[PDB]
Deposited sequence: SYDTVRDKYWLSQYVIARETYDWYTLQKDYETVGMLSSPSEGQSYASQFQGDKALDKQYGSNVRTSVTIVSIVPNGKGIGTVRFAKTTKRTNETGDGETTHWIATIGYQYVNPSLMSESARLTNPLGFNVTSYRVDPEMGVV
């Protein structure tokens, strides 16, 4: 369905924003994560604060009631090695809902026009 397509896109965007490490996009990624997170999950993410980690989304299963499961890989390279480096696999378990986009900043609403908000997020090894 369309609501599923929607949720799968934003769950995927969230994991990419939150799990990537890229020096030159990190301020932008950090900001994106706050704009897609509820106030308390945003406060909780802020409290966890050259290599490059890239994310591959493998699959996403929303339960249709505000939990989603995202299987994904992270590939961490020392920038100044040749290959793609070490790849590990993970499962994000993500609570989320949609808020009134008027109830956020104007900038937040441009980044997050549907008002998608992660309310909880946990990552476990696959």
Taking the deposited sequence as numbered from 1, list the residue ranges that were left without C-alpha coordinates. 50-61, 139-142
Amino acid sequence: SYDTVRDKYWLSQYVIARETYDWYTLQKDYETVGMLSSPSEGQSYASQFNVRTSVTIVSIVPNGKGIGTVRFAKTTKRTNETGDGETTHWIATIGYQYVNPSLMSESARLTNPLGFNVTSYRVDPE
From here on, numbers count along this sequence of modelled residues.
The stretch carrying the higher mean Cα B factor in the deposited entry, 76-84 or 25-33, is 76-84
When the C-alpha temperature factors are averaged for each of 64-72 and 85-93, which stretch ends up with the higher value in the entry? 85-93
Split the chain's modelled residues into thirds by Cα B-factor; residue 38 lands in the lowest
Binned into thirds over the chain's modelled residues, the C-alpha B-factor of residue 7 lands in the lowest
